[PDB]
Amino acid sequence: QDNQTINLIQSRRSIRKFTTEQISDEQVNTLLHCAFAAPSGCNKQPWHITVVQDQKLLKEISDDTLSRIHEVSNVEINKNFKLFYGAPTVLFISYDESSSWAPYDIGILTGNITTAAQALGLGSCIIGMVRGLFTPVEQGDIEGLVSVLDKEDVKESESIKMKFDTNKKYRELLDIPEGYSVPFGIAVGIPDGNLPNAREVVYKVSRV
Amino acid sequence: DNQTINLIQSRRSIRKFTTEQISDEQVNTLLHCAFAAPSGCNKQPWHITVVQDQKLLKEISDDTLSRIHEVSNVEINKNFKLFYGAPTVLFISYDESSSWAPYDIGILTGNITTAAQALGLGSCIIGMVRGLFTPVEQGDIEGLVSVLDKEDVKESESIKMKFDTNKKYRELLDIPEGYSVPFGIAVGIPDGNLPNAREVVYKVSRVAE
Ligand SMILES: Cc1cc2nc3c(=O)[nH]c(=O)nc-3n(C[C@H](O)[C@H](O)[C@H](O)COP(=O)(O)O)c2cc1C
Ligand SMILES: Cc1cc2nc3c(=O)[nH]c(=O)nc-3n(C[C@H](O)[C@H](O)[C@H](O)COP(=O)(O)O)c2cc1C
């Protein structure tokens with residue numbers, strides 16, 4: 001329609017090419033405000049957001065991710081590939097894994113962020129995280145370190161130590177709450193070039 | 001003064017609606033918006049069932065209450081409207097096969113929620129319906145008891161149901177096979193002026209530059 005909100009929602013696409021220009025603190029605040037205005041089952045708001053503008057840290061996550069993908073699935077990705085498409089800001093979304101509604105809740109929250117970015121003249125792409133890099137240390141790493149003790153110096157042994165260190169490092173740097181999972185981030189920036197064409201939607205609908 | 005920003009920031013769950021049905025074009029716009037959401041791997045692993053038949057909605061509402069009574073001592077009065085008398089309910093379902101699907105479905109649900117506001121409408125997500133397909137959860141029951149007139153609730157002994165709500169609604173809502181059904185969305189014309197925005201809390205941390 002000629003309703004501006006409807007047109008953004010219907011024309012949204014993922015942005016994977018950004019300028020080098022950082023978004024303003026006011027735009028960040030606005031995105032956060034929008035995010036935390038989402039509804040949530042029982043108003044628990046069982047979520048957290050980490051605002052990241054450290055390109056070194058983002059580059060490290062990108063490198064570990066691509067490396068893990070190469071080593072586990074044996075696909076070759078171009079070494080110039082950027083997990084976060086060079087976005088100047090990324091919002092890491094985490095949630096309480098003991099709330100039954102929480103995965104849905106953070107999708108709604110992510111939708112608010114996505115639409116708000118569009119309304120500010122910005123663009124985004126959601127970015128899936130490798131669970132193994134962000135799991136809390138108590139979810140499988142402890143018995144890993146234990147077993148490694150009786151496997152003195154093997155390769156599988158060195159990678160268990162790195163996993164633990166990586167998991168500890170990323171959860172601390174991002175200030176992930178205890179018991180929270182980090183399934184994805186949202187890369188946010190100023191799109192470089194024209195926007196991709198609107199999706200031709202598919203109506204996966206029944207009626208009564 | 002961006003209108004889209006002010007809508008997202010002022011959104012509330014609406015639970016009182018006029019008796020006027022929304023137009024087919026509104027219904028279609030809500031769907032178009034829903035189906036424009038991002039999706040992990042572009043699976044778009046979702047489905048919507050549009051229900052405007054008040055007879056069916058009553059039976060769903062009743063069966064949800066019966067289902068609650070099966071697993072606990074709480075007898076909720078069948079006059080209670082689970083969907084707050086909304087004239088349209090959108091039942092959201094999805095393929096558990098896709099790892100990204102629960103998040104996709106949240107985003108789809110957000111798009112619907114915001115689009116409804118944009119159209120002069122309002123909405124409430126109704127999670128209690130999942131108890132028709134999966135074992136009724138204790139927290140859901142307490143979530144619902146919290147909002148009932150005390151006249152609407154009594155403690156009574158459990159009553160076993162004659163039939164399977166899961167099969168019954170998987171057929172009447174034409175839910176694709178194996179799809180999970182986490183909630184319905186009640187949509188309608190709000191009865192009365194819009195409430196104020198609520199206090200927003202920032203559950204946030206920051207890193208560098
Ligand atoms: C996944 C989900 C399930 C919900 N289930 C219900 C429900 O069964 N009934 C209801 O009245 N509200 C339900 N809500 C609405 C919430 O109670 C509401 O979003 C929250 O209390 C905050 O109020 P607000 O939406 O006005 O900001 C649900 C919300 C979500 C996101
Ligand atoms: C949970 C989720 C995870 C996603 N992860 C990625 C990702 O890691 N990389 C990426 O390029 N796009 C990612 N996307 C974007 C989807 O690929 C995109 O929504 C889909 O391909 C359809 O494209 P469109 O959003 O431009 O309409 C993700 C989307 C969601 C909802």
# chains A, B, ... in the order shown; residues from 1 in each chain; ligands from 1

call {"tool": "residues_around", "arguments": {"residues": "residue 63 (chain B)", "least_positions_apart": "4", "cutoff": "9 Å", "atoms": "only C-alpha atoms", "output": "list in words"}}
result
residues 58, 59, 67, 68, 132 and 165 of chain B

call {"tool": "closest_atom_pairs", "arguments": {"of": "chain A", "to": "ligand 2", "cutoff": "9 Å", "atoms": "only C-alpha atoms and all ligand atoms", "output": "tab-separated table"}}
result
residue	atom	partner	partner_atom_place_in_ligand_line	distance
A:11	CA	ligand 2	27 (O)	8.7
A:12	CA	ligand 2	27 (O)	6.6
A:13	CA	ligand 2	26 (O)	3.7
A:14	CA	ligand 2	26 (O)	3.7
A:15	CA	ligand 2	26 (O)	6.9
A:16	CA	ligand 2	11 (O)	6.7
A:83	CA	ligand 2	9 (N)	7.0
A:84	CA	ligand 2	9 (N)	7.6
A:85	CA	ligand 2	11 (O)	7.9
A:107	CA	ligand 2	31 (C)	8.0
A:110	CA	ligand 2	31 (C)	8.7
A:124	CA	ligand 2	25 (O)	9.0
A:125	CA	ligand 2	15 (C)	5.7
A:126	CA	ligand 2	28 (C)	4.5
A:127	CA	ligand 2	8 (O)	3.5
A:128	CA	ligand 2	8 (O)	3.9
A:129	CA	ligand 2	8 (O)	6.9
A:183	CA	ligand 2	1 (C)	7.7
A:184	CA	ligand 2	3 (C)	6.5
A:185	CA	ligand 2	3 (C)	8.2
A:186	CA	ligand 2	4 (C)	8.7
A:196	CA	ligand 2	26 (O)	7.5
A:197	CA	ligand 2	26 (O)	8.8
A:198	CA	ligand 2	27 (O)	7.7
A:199	CA	ligand 2	27 (O)	5.9

call {"tool": "write_last_selection", "arguments": {"atoms": "N, CA, C and O atoms", "output": "mmCIF file, in the first residue's frame"}}
result
data_model
loop_
_atom_site.group_PDB
_atom_site.id
_atom_site.type_symbol
_atom_site.label_atom_id
_atom_site.label_comp_id
_atom_site.auth_asym_id
_atom_site.auth_seq_id
_atom_site.Cartn_x
_atom_site.Cartn_y
_atom_site.Cartn_z
ATOM 1 N N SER A 11 8.773 -5.066 1.493
ATOM 2 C CA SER A 11 9.915 -4.965 0.585
ATOM 3 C C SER A 11 11.248 -5.355 1.205
ATOM 4 O O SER A 11 12.284 -5.312 0.536
ATOM 5 N N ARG A 12 11.225 -5.791 2.458
ATOM 6 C CA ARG A 12 12.473 -6.077 3.153
ATOM 7 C C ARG A 12 13.272 -7.139 2.437
ATOM 8 O O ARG A 12 12.722 -8.146 2.046
ATOM 9 N N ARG A 13 14.580 -6.942 2.347
ATOM 10 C CA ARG A 13 15.491 -7.999 1.998
ATOM 11 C C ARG A 13 16.741 -7.936 2.913
ATOM 12 O O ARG A 13 17.049 -6.927 3.481
ATOM 13 N N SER A 14 17.514 -9.010 2.919
ATOM 14 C CA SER A 14 18.783 -9.071 3.633
ATOM 15 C C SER A 14 19.830 -8.270 2.941
ATOM 16 O O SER A 14 19.978 -8.398 1.711
ATOM 17 N N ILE A 15 20.585 -7.453 3.712
ATOM 18 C CA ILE A 15 21.627 -6.630 3.115
ATOM 19 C C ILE A 15 22.962 -7.231 3.457
ATOM 20 O O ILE A 15 23.247 -7.445 4.652
ATOM 21 N N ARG A 16 23.739 -7.523 2.428
ATOM 22 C CA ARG A 16 24.988 -8.139 2.548
ATOM 23 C C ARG A 16 26.142 -7.335 1.925
ATOM 24 O O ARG A 16 27.226 -7.877 1.673
ATOM 25 N N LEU A 83 31.999 -13.202 7.397
ATOM 26 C CA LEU A 83 30.767 -13.719 7.985
ATOM 27 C C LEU A 83 29.686 -12.623 8.176
ATOM 28 O O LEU A 83 28.516 -12.834 7.961
ATOM 29 N N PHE A 84 30.125 -11.455 8.592
ATOM 30 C CA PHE A 84 29.266 -10.325 8.866
ATOM 31 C C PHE A 84 29.235 -9.286 7.780
ATOM 32 O O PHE A 84 28.791 -8.171 8.032
ATOM 33 N N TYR A 85 29.723 -9.638 6.585
ATOM 34 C CA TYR A 85 29.609 -8.823 5.380
ATOM 35 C C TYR A 85 30.192 -7.413 5.598
ATOM 36 O O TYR A 85 29.764 -6.464 4.969
ATOM 37 N N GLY A 107 12.844 -14.045 18.007
ATOM 38 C CA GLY A 107 12.483 -13.772 16.634
ATOM 39 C C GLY A 107 11.657 -12.518 16.503
ATOM 40 O O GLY A 107 11.878 -11.684 15.568
ATOM 41 N N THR A 110 13.877 -9.612 16.948
ATOM 42 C CA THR A 110 14.718 -9.498 15.764
ATOM 43 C C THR A 110 13.938 -8.825 14.611
ATOM 44 O O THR A 110 14.488 -8.054 13.848
ATOM 45 N N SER A 124 19.999 -4.679 7.183
ATOM 46 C CA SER A 124 20.589 -5.731 8.025
ATOM 47 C C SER A 124 20.552 -7.101 7.386
ATOM 48 O O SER A 124 19.862 -7.350 6.403
ATOM 49 N N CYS A 125 21.320 -7.989 7.950
ATOM 50 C CA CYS A 125 21.244 -9.398 7.662
ATOM 51 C C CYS A 125 21.461 -10.139 8.975
ATOM 52 O O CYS A 125 22.382 -9.827 9.720
ATOM 53 N N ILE A 126 20.655 -11.134 9.221
ATOM 54 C CA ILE A 126 20.808 -11.966 10.377
ATOM 55 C C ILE A 126 21.910 -12.984 10.070
ATOM 56 O O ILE A 126 22.060 -13.443 8.914
ATOM 57 N N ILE A 127 22.687 -13.343 11.072
ATOM 58 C CA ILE A 127 23.866 -14.152 10.888
ATOM 59 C C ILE A 127 23.865 -15.281 11.890
ATOM 60 O O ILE A 127 23.977 -15.029 13.119
ATOM 61 N N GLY A 128 23.798 -16.517 11.398
ATOM 62 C CA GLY A 128 23.723 -17.677 12.271
ATOM 63 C C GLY A 128 25.055 -17.951 12.919
ATOM 64 O O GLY A 128 26.102 -17.907 12.245
ATOM 65 N N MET A 129 25.052 -18.239 14.219
ATOM 66 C CA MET A 129 26.287 -18.560 14.931
ATOM 67 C C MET A 129 26.513 -20.070 15.051
ATOM 68 O O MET A 129 25.580 -20.801 15.180
ATOM 69 N N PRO A 183 22.153 -17.751 19.481
ATOM 70 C CA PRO A 183 21.955 -18.448 18.194
ATOM 71 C C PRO A 183 22.331 -17.645 16.961
ATOM 72 O O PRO A 183 22.630 -18.242 15.934
ATOM 73 N N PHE A 184 22.235 -16.306 17.017
ATOM 74 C CA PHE A 184 22.583 -15.508 15.892
ATOM 75 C C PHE A 184 22.914 -14.074 16.290
ATOM 76 O O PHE A 184 22.589 -13.609 17.400
ATOM 77 N N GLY A 185 23.562 -13.370 15.384
ATOM 78 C CA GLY A 185 23.677 -11.915 15.442
ATOM 79 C C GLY A 185 22.962 -11.243 14.286
ATOM 80 O O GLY A 185 22.412 -11.929 13.412
ATOM 81 N N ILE A 186 22.837 -9.917 14.371
ATOM 82 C CA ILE A 186 22.227 -9.088 13.314
ATOM 83 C C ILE A 186 23.239 -8.081 12.870
ATOM 84 O O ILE A 186 23.607 -7.214 13.657
ATOM 85 N N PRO A 196 18.164 -4.783 -2.922
ATOM 86 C CA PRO A 196 17.651 -5.888 -3.726
ATOM 87 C C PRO A 196 16.155 -5.789 -3.913
ATOM 88 O O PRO A 196 15.468 -5.242 -3.056
ATOM 89 N N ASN A 197 15.658 -6.336 -5.003
ATOM 90 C CA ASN A 197 14.221 -6.300 -5.252
ATOM 91 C C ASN A 197 13.426 -7.051 -4.202
ATOM 92 O O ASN A 197 13.846 -8.088 -3.630
ATOM 93 N N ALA A 198 12.225 -6.586 -4.028
ATOM 94 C CA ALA A 198 11.337 -7.145 -3.050
ATOM 95 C C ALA A 198 11.126 -8.649 -3.320
ATOM 96 O O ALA A 198 11.123 -9.086 -4.466
ATOM 97 N N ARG A 199 10.939 -9.443 -2.261
ATOM 98 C CA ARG A 199 10.592 -10.843 -2.435
ATOM 99 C C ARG A 199 9.198 -10.991 -3.113
ATOM 100 O O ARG A 199 8.213 -10.290 -2.793
#

call {"tool": "closest_atom_pairs", "arguments": {"of": "chain B", "to": "chain A", "cutoff": "6 Å", "atoms": "only C-alpha atoms", "output": "tab-separated table"}}
result
residue	atom	partner	partner_atom	distance
B:4	CA	A:5	CA	5.4
B:8	CA	A:34	CA	5.9
B:9	CA	A:34	CA	5.4
B:33	CA	A:10	CA	5.2
B:35	CA	A:201	CA	5.9
B:36	CA	A:10	CA	5.5
B:47	CA	A:204	CA	5.1
B:48	CA	A:205	CA	4.8
B:49	CA	A:206	CA	4.7
B:50	CA	A:207	CA	4.9
B:51	CA	A:208	CA	5.2
B:102	CA	A:104	CA	5.6
B:103	CA	A:107	CA	4.4
B:106	CA	A:107	CA	3.9
B:107	CA	A:107	CA	4.5
B:110	CA	A:108	CA	4.6
B:203	CA	A:48	CA	5.0
B:204	CA	A:49	CA	4.8
B:205	CA	A:50	CA	4.7
B:206	CA	A:51	CA	4.7
B:207	CA	A:52	CA	4.8
B:208	CA	A:54	CA	5.3
B:209	CA	A:54	CA	4.2

call {"tool": "residues_around", "arguments": {"residues": "residue 195 (chain B)", "least_positions_apart": "5", "cutoff": "12 Å", "atoms": "only C-alpha atoms", "output": "PyMOL selection string"}}
result
chain B and resi 10-16+122+190

call {"tool": "select_by_dssp", "arguments": {"residues": "region 118-191 of chain B", "states": "strand (DSSP E or B)", "output": "list in words"}}
result
residues 122, 123, 124, 125, 126, 153, 154, 155, 180, 181, 182, 183, 184, 185, 186, 187, 188 and 190 of chain B

call {"tool": "write_last_selection", "arguments": {"atoms": "N, CA and C atoms", "output": "PDB file, in the first residue's frame"}}
result
ATOM      1  N   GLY B 122      -5.105  -4.207  15.936  1.00  0.00           N
ATOM      2  CA  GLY B 122      -4.428  -4.615  17.115  1.00  0.00           C
ATOM      3  C   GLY B 122      -4.466  -6.114  17.187  1.00  0.00           C
ATOM      4  N   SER B 123      -3.656  -6.675  18.087  1.00  0.00           N
ATOM      5  CA  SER B 123      -3.415  -8.128  18.163  1.00  0.00           C
ATOM      6  C   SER B 123      -2.890  -8.604  19.507  1.00  0.00           C
ATOM      7  N   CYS B 124      -3.169  -9.854  19.819  1.00  0.00           N
ATOM      8  CA  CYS B 124      -2.615 -10.505  20.957  1.00  0.00           C
ATOM      9  C   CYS B 124      -2.188 -11.882  20.535  1.00  0.00           C
ATOM     10  N   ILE B 125      -0.926 -12.235  20.814  1.00  0.00           N
ATOM     11  CA  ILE B 125      -0.467 -13.594  20.602  1.00  0.00           C
ATOM     12  C   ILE B 125      -1.091 -14.510  21.662  1.00  0.00           C
ATOM     13  N   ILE B 126      -1.648 -15.637  21.240  1.00  0.00           N
ATOM     14  CA  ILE B 126      -2.329 -16.558  22.186  1.00  0.00           C
ATOM     15  C   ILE B 126      -1.569 -17.889  22.200  1.00  0.00           C
ATOM     16  N   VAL B 153     -13.017 -18.888  37.808  1.00  0.00           N
ATOM     17  CA  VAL B 153     -12.144 -20.019  38.141  1.00  0.00           C
ATOM     18  C   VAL B 153     -12.569 -20.742  39.399  1.00  0.00           C
ATOM     19  N   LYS B 154     -12.626 -22.069  39.334  1.00  0.00           N
ATOM     20  CA  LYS B 154     -12.762 -22.866  40.555  1.00  0.00           C
ATOM     21  C   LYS B 154     -11.813 -24.051  40.548  1.00  0.00           C
ATOM     22  N   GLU B 155     -11.398 -24.488  41.736  1.00  0.00           N
ATOM     23  CA  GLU B 155     -10.647 -25.740  41.885  1.00  0.00           C
ATOM     24  C   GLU B 155     -11.615 -26.914  41.968  1.00  0.00           C
ATOM     25  N   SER B 180       4.792 -28.050  14.159  1.00  0.00           N
ATOM     26  CA  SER B 180       4.474 -27.605  15.517  1.00  0.00           C
ATOM     27  C   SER B 180       3.623 -26.423  15.438  1.00  0.00           C
ATOM     28  N   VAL B 181       2.776 -26.243  16.434  1.00  0.00           N
ATOM     29  CA  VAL B 181       1.790 -25.165  16.443  1.00  0.00           C
ATOM     30  C   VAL B 181       1.941 -24.412  17.766  1.00  0.00           C
ATOM     31  N   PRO B 182       2.724 -23.328  17.776  1.00  0.00           N
ATOM     32  CA  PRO B 182       3.062 -22.730  19.087  1.00  0.00           C
ATOM     33  C   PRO B 182       2.036 -21.747  19.620  1.00  0.00           C
ATOM     34  N   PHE B 183       1.235 -21.167  18.753  1.00  0.00           N
ATOM     35  CA  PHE B 183       0.307 -20.145  19.156  1.00  0.00           C
ATOM     36  C   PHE B 183      -0.576 -19.733  18.018  1.00  0.00           C
ATOM     37  N   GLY B 184      -1.668 -19.070  18.380  1.00  0.00           N
ATOM     38  CA  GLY B 184      -2.494 -18.290  17.460  1.00  0.00           C
ATOM     39  C   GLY B 184      -2.288 -16.796  17.664  1.00  0.00           C
ATOM     40  N   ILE B 185      -2.651 -16.002  16.671  1.00  0.00           N
ATOM     41  CA  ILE B 185      -2.609 -14.573  16.810  1.00  0.00           C
ATOM     42  C   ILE B 185      -4.025 -14.072  16.641  1.00  0.00           C
ATOM     43  N   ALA B 186      -4.559 -13.422  17.682  1.00  0.00           N
ATOM     44  CA  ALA B 186      -5.888 -12.808  17.636  1.00  0.00           C
ATOM     45  C   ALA B 186      -5.775 -11.403  17.086  1.00  0.00           C
ATOM     46  N   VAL B 187      -6.557 -11.107  16.051  1.00  0.00           N
ATOM     47  CA  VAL B 187      -6.507  -9.823  15.376  1.00  0.00           C
ATOM     48  C   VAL B 187      -7.926  -9.213  15.256  1.00  0.00           C
ATOM     49  N   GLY B 188      -7.988  -7.908  15.406  1.00  0.00           N
ATOM     50  CA  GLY B 188      -9.238  -7.217  15.331  1.00  0.00           C
ATOM     51  C   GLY B 188      -9.082  -5.731  15.452  1.00  0.00           C
ATOM     52  N   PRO B 190      -9.367  -2.644  17.622  1.00  0.00           N
ATOM     53  CA  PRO B 190      -9.401  -2.439  19.044  1.00  0.00           C
ATOM     54  C   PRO B 190     -10.671  -1.646  19.439  1.00  0.00           C
TER      55      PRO B 190
END

call {"tool": "select_by_dssp", "arguments": {"residues": "region 33-161 of chain A", "states": "helix (DSSP H, G or I)", "output": "ChimeraX atom specification"}}
result
/A:33-36,41-43,55-73,102-119,131-134,141-149,155-161

call {"tool": "residues_around", "arguments": {"residues": "residue 69 (chain B)", "least_positions_apart": "3", "cutoff": "9 Å", "atoms": "only C-alpha atoms", "output": "PyMOL selection string"}}
result
chain B and resi 64-66+72-76+156-160

call {"tool": "atom_distance", "arguments": {"atom1": "CA of residue 98 (chain B)", "atom2": "CA of residue 34 (chain B)"}}
result
17.9 Å

call {"tool": "residues_around", "arguments": {"residues": "residue 18 (chain A)", "least_positions_apart": "6", "cutoff": "12 Å", "atoms": "only C-alpha atoms", "output": "compact mmCIF listing (two decimals) with N, CA, C and O atoms, in the first residue's frame"}}
result
# COMPACT_ATOMS: atom_id res chain seq x y z
N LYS A 82 33.56 -12.61 4.50
CA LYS A 82 33.35 -11.98 5.79
C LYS A 82 31.99 -12.46 6.29
O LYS A 82 30.96 -12.14 5.67
N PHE A 84 30.12 -11.45 8.59
CA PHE A 84 29.27 -10.33 8.87
C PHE A 84 29.24 -9.29 7.78
O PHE A 84 28.79 -8.17 8.03
N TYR A 85 29.72 -9.64 6.58
CA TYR A 85 29.61 -8.82 5.38
C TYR A 85 30.19 -7.41 5.60
O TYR A 85 29.76 -6.46 4.97
N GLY A 86 31.20 -7.30 6.47
CA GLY A 86 31.79 -6.01 6.74
C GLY A 86 30.86 -5.01 7.41
O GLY A 86 31.13 -3.83 7.36
N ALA A 87 29.80 -5.45 8.08
CA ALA A 87 28.93 -4.49 8.75
C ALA A 87 29.68 -3.78 9.87
O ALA A 87 30.46 -4.38 10.57
N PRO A 88 29.45 -2.48 10.03
CA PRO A 88 30.17 -1.76 11.08
C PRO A 88 29.69 -2.09 12.53
O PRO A 88 30.46 -1.95 13.47
N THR A 89 28.42 -2.52 12.66
CA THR A 89 27.81 -2.90 13.95
C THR A 89 27.15 -4.29 13.85
O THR A 89 26.44 -4.58 12.85
N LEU A 122 18.69 2.19 7.15
CA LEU A 122 19.79 1.27 7.29
C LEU A 122 19.30 -0.07 6.68
O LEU A 122 18.18 -0.16 6.24
N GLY A 123 20.12 -1.09 6.79
CA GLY A 123 19.84 -2.44 6.27
C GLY A 123 20.45 -3.43 7.27
O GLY A 123 21.31 -3.06 8.09
N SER A 124 20.00 -4.68 7.18
CA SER A 124 20.59 -5.73 8.03
C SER A 124 20.55 -7.10 7.39
O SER A 124 19.86 -7.35 6.40
N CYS A 125 21.32 -7.99 7.95
CA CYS A 125 21.24 -9.40 7.66
C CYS A 125 21.46 -10.14 8.97
O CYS A 125 22.38 -9.83 9.72
N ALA A 187 23.74 -8.23 11.65
CA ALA A 187 24.67 -7.27 11.11
C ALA A 187 23.90 -6.06 10.65
O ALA A 187 22.92 -6.18 9.93
N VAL A 188 24.30 -4.89 11.13
CA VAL A 188 23.57 -3.67 10.79
C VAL A 188 24.54 -2.63 10.18
O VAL A 188 25.62 -2.47 10.64
N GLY A 189 24.09 -1.97 9.12
CA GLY A 189 24.86 -0.90 8.48
C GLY A 189 24.12 -0.08 7.44
O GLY A 189 22.90 -0.24 7.22
N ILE A 190 24.87 0.80 6.79
CA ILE A 190 24.34 1.60 5.70
C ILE A 190 24.55 0.82 4.42
O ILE A 190 25.70 0.49 4.07
N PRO A 191 23.47 0.49 3.71
CA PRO A 191 23.65 -0.34 2.51
C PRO A 191 24.43 0.41 1.41
O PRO A 191 24.22 1.60 1.24
N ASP A 192 25.34 -0.29 0.76
CA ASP A 192 26.09 0.16 -0.35
C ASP A 192 25.36 -0.25 -1.63
O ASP A 192 25.36 -1.42 -2.02
N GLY A 193 24.77 0.73 -2.28
CA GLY A 193 24.14 0.52 -3.58
C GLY A 193 22.66 0.37 -3.39
O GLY A 193 22.13 0.49 -2.28
N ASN A 194 21.98 0.04 -4.47
CA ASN A 194 20.54 -0.05 -4.44
C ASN A 194 20.18 -1.30 -3.68
O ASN A 194 20.94 -2.31 -3.69
N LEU A 195 18.98 -1.25 -3.11
CA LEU A 195 18.42 -2.36 -2.36
C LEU A 195 18.02 -3.51 -3.34
O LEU A 195 17.55 -3.24 -4.46

call {"tool": "residues_around", "arguments": {"residues": "residue 178 (chain A)", "least_positions_apart": "2", "cutoff": "12 Å", "atoms": "only C-alpha atoms", "output": "MDAnalysis selection string"}}
result
chainID A and resid 46:48 94:98 134:139 168 171:172 174:176 180:182

call {"tool": "closest_residue", "arguments": {"among": "B:24, B:1, B:104, B:199", "to": "ligand 1", "atoms": "only C-alpha atoms and all ligand atoms"}}
result
B:199

call {"tool": "closest_residue", "arguments": {"among": "A:44, A:74, A:20, A:154", "to": "ligand 1", "atoms": "only C-alpha atoms and all ligand atoms"}}
result
A:44

call {"tool": "atom_distance", "arguments": {"atom1": "atom 7 (C, counted along the ligand's line) of ligand 1", "atom2": "CA of residue 144 (chain B)"}}
result
7.0 Å

call {"tool": "closest_residue", "arguments": {"among": "B:71, B:175, B:5, B:31", "to": "residue 93 (chain B)", "atoms": "only C-alpha atoms"}}
result
B:175
